[PDB]
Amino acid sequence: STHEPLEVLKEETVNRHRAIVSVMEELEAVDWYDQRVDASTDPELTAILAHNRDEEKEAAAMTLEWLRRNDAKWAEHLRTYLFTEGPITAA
């Protein structure tokens, strides 16, 4: 799953890889859950996909907080733009 050999990567780089790829899979799942919620024709199934959808968002937030704590630039940029107002392209 890593493009470079494990012998040359820093231990922190591999851990962030494990954390980043997790966020990717969680973000991807939220998108697919949400699409199937709109297209679903069974309300009982829609409730399940909607419930798991929101649980993926929670998992994404957790891993993102971990990235924020173990990466200086994630902390800088996340603090710059998240929980703000006005244009997002200037903060």
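Sequential numbering from 1, following the sequence displayed.
Novice: Test of reading the entry: by CA B factor among the chain's modelled residues, which third contains residue 22?
Specialist: Answer is highest: the recorded C-alpha B-factor places it there.
Novice: Among the modelled residues of this chain, does the Cα B factor of residue 64 put it in the lowest, middle or highest third?
Specialist: CA B-factor rank for residue 64: lowest third.
Novice: Select lowest, middle or highest to describe the third in which the CA B-factor of residue 47 falls within its chain in this entry.
Specialist: For residue 47, the deposited C-alpha B-factor lands in the middle third.
Novice: Splitting the chain's C-alpha B-factors into thirds, which one does residue 74 fall into?
Specialist: Its C-alpha B-factor, which the entry lists for residue 74, ranks in the middle third among residues of this chain.
Novice: For the chain shown, is the CA B-factor of residue 90 in the lowest, middle or highest third of its modelled residues?
Specialist: Highest third - that is where residue 90 ends up once the chain's C-alpha B-factors are sorted.
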